[PDB]
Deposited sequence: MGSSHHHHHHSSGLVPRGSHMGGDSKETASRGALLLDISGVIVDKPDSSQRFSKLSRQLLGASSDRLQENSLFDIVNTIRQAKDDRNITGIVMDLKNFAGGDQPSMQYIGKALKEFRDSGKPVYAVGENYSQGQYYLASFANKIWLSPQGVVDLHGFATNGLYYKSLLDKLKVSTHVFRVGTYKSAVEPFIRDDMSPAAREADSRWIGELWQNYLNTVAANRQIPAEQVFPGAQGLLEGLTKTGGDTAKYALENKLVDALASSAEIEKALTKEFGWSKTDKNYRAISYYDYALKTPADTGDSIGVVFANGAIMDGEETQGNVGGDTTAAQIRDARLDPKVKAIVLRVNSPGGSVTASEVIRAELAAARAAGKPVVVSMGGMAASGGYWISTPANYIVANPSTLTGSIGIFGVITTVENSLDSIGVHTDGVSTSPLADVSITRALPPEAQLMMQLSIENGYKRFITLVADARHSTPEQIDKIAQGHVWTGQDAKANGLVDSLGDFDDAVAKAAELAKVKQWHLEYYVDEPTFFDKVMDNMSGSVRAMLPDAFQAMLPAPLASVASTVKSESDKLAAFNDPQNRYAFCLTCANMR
């Protein structure tokens, strides 16, 4: 009998490439095993080396911890300090211990990017942006020295919300109002001034933390609830990394689980990206395995290559047409191309804090003929068509401009049409909520882009509801 010690070191991810990358589902499933397991009597969270996860993922680990607590097992969180990310997770604890010289470091959210128009003018770089989408702002750095007013309003909307969800969640976890979790900068400074700059008393007096206590006082309290081990020389516990997650029994009705974790590129899966052909081959696999009864596509992608996306879409559409229901589970990001790949699904579930939509399209051509000219380098040559002088060192010909603008207008019509046919809508109605506008899962649910607010559990349960009643999971991490 011991505690499960959650000494997560590193980041939380959907799928890999004291480890630096930790699987969200492996963490949750281990916690749930710990729940039913007679030999574990509690969890301790030691999050010093934990670097963070997206809000939808951390909320999921949280859900597993509430389920754990609701069984009547204690969950403790200990540390000298908490970053904003560690505290979010720690907030789901029964009880939070802080060092008497420690800080709870709550400071808000911020987005930040470089803008280079002025530098491009000075280098005499020639820039061409082809885009459809007033709010498709990844383009702005080449053509502004600042974010556009449209970009500003879309980005304020989402970030302001993701942060309210941070506060509402943590507030509820701690049972104090949101303004007390974080009162803003004026109030934090006022609070910190009473306590004479003591961050830990501010934390204790405002209920962010339950007790201040040294590392040895913590140990005494932990051995008292969990007992002492003569072999280990500590309180009785076993680390996440040594606790064995029992490999689940296989039924025969399986639900296939395919990851789209990362930027979507054209070929095989390289780096930490999605490869169109690798993912399409994993989908094909489940589509032809008679054992596999439904597919869940777990998406965490900003997007990427339009040809890559189409290839993946095609396959999911074939799976569903083969009579295997497709359910998308969105976890953090499923935007642009990552929304593109989700469209053929029977059902789309997103986390309220998920970032999605961004239904729009862009392309950027920079050329350097003038930059080279100014230092006396030129290019010259012969061609059979102006359509053939497209190169970084040559001016973009107007023929190639015309084709590029037509290509991009056509691709945008493609996108809103797919979504229009997928979402039981009209290309004209989709235009009203597209134009490159990024939406949180909450907004997307409100405007039709997503079907229900939830998590991977909800996606799986739904895929199972489109057929039968004892399932197990086939993953394609291979």
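Missing from the model relative to the deposited sequence are positions 1 to 30, 48 to 65, 527 to 593 (no C-alpha coordinates, numbering from 1).
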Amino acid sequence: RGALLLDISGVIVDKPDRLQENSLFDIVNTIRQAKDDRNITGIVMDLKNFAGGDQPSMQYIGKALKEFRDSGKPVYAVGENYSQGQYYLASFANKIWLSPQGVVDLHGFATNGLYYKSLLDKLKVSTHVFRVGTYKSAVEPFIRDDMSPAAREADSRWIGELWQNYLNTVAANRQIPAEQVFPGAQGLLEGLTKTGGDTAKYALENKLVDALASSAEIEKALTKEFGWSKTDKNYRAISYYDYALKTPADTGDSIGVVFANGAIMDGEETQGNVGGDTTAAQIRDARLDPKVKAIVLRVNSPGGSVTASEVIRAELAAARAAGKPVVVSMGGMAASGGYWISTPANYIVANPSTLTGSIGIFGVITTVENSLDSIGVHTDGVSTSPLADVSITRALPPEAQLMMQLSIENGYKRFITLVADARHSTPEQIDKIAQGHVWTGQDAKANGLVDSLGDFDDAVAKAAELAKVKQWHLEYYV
From here on, numbers count along this sequence of modelled residues.
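When the two stretches 136 to 144 and 216 to 224 are set side by side, the higher mean Cα temperature factor goes to 216 to 224. The question of which stretch, 195 to 203 or 123 to 131, has the higher mean Cα B factor is settled in favour of 195 to 203.
For the set 321, 402, 114, 106, the maximum C-alpha B-factor listed in the entry falls on 321. When the C-alpha B factors of 413, 69, 38, 32 are read from the deposited coordinates, the top value falls at 38. In the deposited entry, the Cα temperature factor of residue 417 places it in the lowest third of its chain's modelled residues.
The PDB entry assigns residue 259 a C-alpha temperature factor belonging to the middle third of its chain's modelled residues. The deposited CA B-factor of residue 284 belongs to the highest third of values across its chain. Per the deposited record, the Cα B-factor of residue 16 falls in the highest third when ranked against the other modelled residues of its chain.
Residue 27: CA B factor lies in the middle third for its chain, per the PDB record.
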